[PDB]
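Reviewing the structure listed below.
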Amino acid sequence: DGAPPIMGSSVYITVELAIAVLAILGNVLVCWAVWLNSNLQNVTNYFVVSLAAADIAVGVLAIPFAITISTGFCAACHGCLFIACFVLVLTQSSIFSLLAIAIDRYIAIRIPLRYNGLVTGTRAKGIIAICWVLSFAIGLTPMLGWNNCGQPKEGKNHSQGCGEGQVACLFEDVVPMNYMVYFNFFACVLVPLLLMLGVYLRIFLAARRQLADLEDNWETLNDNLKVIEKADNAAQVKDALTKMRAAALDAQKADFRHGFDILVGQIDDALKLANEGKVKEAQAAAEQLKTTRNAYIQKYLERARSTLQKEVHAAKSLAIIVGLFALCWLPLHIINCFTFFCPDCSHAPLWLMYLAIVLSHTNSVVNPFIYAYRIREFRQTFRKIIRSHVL
Ligand SMILES: Nc1nc(NCCc2ccc(O)cc2)nc2nc(-c3ccco3)nn12
């Protein structure tokens, strides 16, 4: 006869309430910043709002649900199922939101040309609504028959003094583990994570490929120029210039038409000269190109470089969220795995179970800090609010 469980429950409940406090405050701040700042009103941040909404729900409902379910109190089976699986609904919502963010940034970085023509607030709202609905379908799947209401714990039901029909409300007693591992973890959680990793890999790959392409064009431009200065034949000049022309109109694909028009025009003129056997005429005419480069091309390619740097930094910041999501949630899934795939093992200790539950809950508090740390716009919007209504 050992330590009173309420002593541990005091800690657990206090920790849970603190986590709820932070989860509500941080995410409320996020939503407020997005609502009043017009720079933060794009399709990409609407998913941020949805994620923050799920986190608010965690702080308002899932945590109280966790505190209640932990009691093992007497309630009808299906009611206990809802209480236990509402967090699954929210977690699936978060999954779909993160995956939507990844796909949005992918579409933005590979085809920004037709990004707006494809991605709008209308279709985004339709997506988010469909995502919430499918999250409900997934999370509450157990209530559609895939439960253990038909296999109750006679000993427990009669120990805790429950009514006819009712059952004690614990997780592993009503929520089947094959569902948690196969259906929820392997299919509806792990696979999405693999997909997110793939998409972000493709994002960074495309950013690197574009920077190398523009760099090859820039180097082709200047190297052909140097070749002109060193060449000693009209045909050698025209060869280098034709290839410089190709590189010029290639880098063009990356107000600004003025610069590239001047460059390509100068290249056409140098070509016409070289074709008419006019060598040094071409070498001198192609020497003014560098000015056109020092006034337009360099100024455009540095700006394209900074734009890709910004999108890369944004992709990194948005991927860190998925990282923390995985790190906070996977421990419970691993615990479920070895609660399902090892009958010869000893079950994980109760303190470790609640520790992992608390950990999974902490994910609803990190996102705002990530935003304020990484994203200048979010940071300074939070700053204004913090120095607008309350200090
Ligand atoms: N395995 C598990 N257990 C619990 N709570 C109850 C643990 C327990 C274990 C033994 C016992 O006699 C009474 C209760 N909550 C849990 N939540 C989750 C979870 C949430 C999201 C993914 O897995 N897994 N999970």
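Naming scheme: A, B, ... for chains in displayed order of the structure tokens; residues 1 onward per chain; ligands 1 onward as shown.
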**OP:** Check stretch 98-254 of chain A with DSSP on the backbone and list each residue it calls helix (DSSP H, G or I), as a ChimeraX atom specification.
**Re:** /A:98-110,112-118,121-139,141-144,154-159,171-174,177-230,234-251
Write out as a tab-separated table the residues of chain A that have any atom within 6 Å of an atom of ligand 1, one row each with the nearest atom pair and its distance in Å to one decimal, counting only C-alpha atoms and all ligand atoms, sorted by chain and then rising number.
residue	atom	partner	partner_atom_place_in_ligand_line	distance
A:170	CA	ligand 1	14 (C)	5.8
A:171	CA	ligand 1	6 (C)	4.9
A:172	CA	ligand 1	3 (N)	5.9
A:332	CA	ligand 1	23 (O)	4.9
A:333	CA	ligand 1	23 (O)	5.5
A:336	CA	ligand 1	1 (N)	5.4
A:353	CA	ligand 1	7 (C)	6.0
Which residues come within 10 Å of residue A:204, counting only C-alpha atoms, excluding same-chain residues fewer than 3 positions away, as a tab-separated table (two decimals) with N, CA and C atoms, in the first residue's frame?
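Now in selection08.tsv:
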chain	number	residue	atom	x	y	z
A	106	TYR	N	5.12	25.23	-51.42
A	106	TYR	CA	5.64	24.52	-52.59
A	106	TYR	C	5.12	25.15	-53.88
A	109	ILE	N	6.76	28.55	-54.50
A	109	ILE	CA	8.17	28.62	-54.87
A	109	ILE	C	8.48	27.97	-56.23
A	199	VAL	N	7.94	17.21	-49.35
A	199	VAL	CA	7.58	18.48	-49.97
A	199	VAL	C	8.58	19.59	-49.60
A	200	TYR	N	8.99	19.63	-48.34
A	200	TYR	CA	9.98	20.62	-47.91
A	200	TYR	C	11.35	20.36	-48.54
A	201	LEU	N	11.71	19.09	-48.68
A	201	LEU	CA	12.91	18.72	-49.44
A	201	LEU	C	12.84	19.29	-50.86
A	207	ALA	N	14.62	25.90	-54.70
A	207	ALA	CA	15.29	27.16	-54.38
A	207	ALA	C	16.78	27.11	-54.77
A	208	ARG	N	17.44	26.01	-54.43
A	208	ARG	CA	18.85	25.83	-54.78
A	208	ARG	C	19.04	25.74	-56.29
A	209	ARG	N	18.16	25.00	-56.96
A	209	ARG	CA	18.24	24.85	-58.42
A	209	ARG	C	18.07	26.19	-59.13
A	210	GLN	N	17.15	27.02	-58.63
A	210	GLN	CA	16.92	28.33	-59.22
A	210	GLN	C	18.12	29.25	-59.00
A	308	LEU	N	14.66	34.72	-52.86
A	308	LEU	CA	14.79	33.28	-52.61
A	308	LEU	C	15.30	33.00	-51.20
A	311	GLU	N	12.17	33.42	-48.95
A	311	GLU	CA	11.29	32.26	-49.05
A	311	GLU	C	11.90	31.03	-48.39
A	312	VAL	N	13.21	30.86	-48.51
A	312	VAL	CA	13.89	29.74	-47.87
A	312	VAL	C	13.80	29.89	-46.34
A	313	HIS	N	14.06	31.09	-45.83
A	313	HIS	CA	13.96	31.33	-44.39
A	313	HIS	C	12.53	31.10	-43.89
A	315	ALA	N	10.31	29.02	-45.32
A	315	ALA	CA	10.11	27.57	-45.37
A	315	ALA	C	10.74	26.89	-44.16
A	316	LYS	N	11.94	27.33	-43.78
A	316	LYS	CA	12.60	26.82	-42.59
A	316	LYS	C	11.75	27.06	-41.34
**OP:** Identify which of the residues A:113, A:212, A:61, A:67 lies closest to residue A:10, counting only C-alpha atoms when measuring atom-to-atom distances.
**Re:**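 Once distances to residue A:10 are computed over only C-alpha atoms, the minimum belongs to A:67.
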**OP:** With a distance cut-off of 9 Å and only C-alpha atoms, select the neighbouring residues of residue A:165, excluding the residue or stretch itself and same-chain residues fewer than 4 positions from it, and output the selection as a PyMOL selection string.
**Re:** chain A and resi 75-77
Subject >> Best match for closeness to residue A:86 among A:188, A:143, A:321, A:357, counting only C-alpha atoms >> reply: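 Distance minimum relative to residue A:86 lands on A:143.
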Subject >> 12 Å contact set for residue A:99, only C-alpha atoms, chain neighbours under 6 positions out, as a list in words >> reply: residues 44, 47, 48, 51, 92, 93, 105, 106, 127, 128, 131, 188, 189, 190, 191, 192, 193, 194, 195, 196, 197, 198, 199, 200, 318, 319, 321, 322 and 325 of chain A
Original post:
In terms of the shortest atom-to-atom distance over only C-alpha atoms, which of A:49, A:147, A:270, A:95 is closest to residue A:35?
Top reply: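 Distance minimum relative to residue A:35 lands on A:49.
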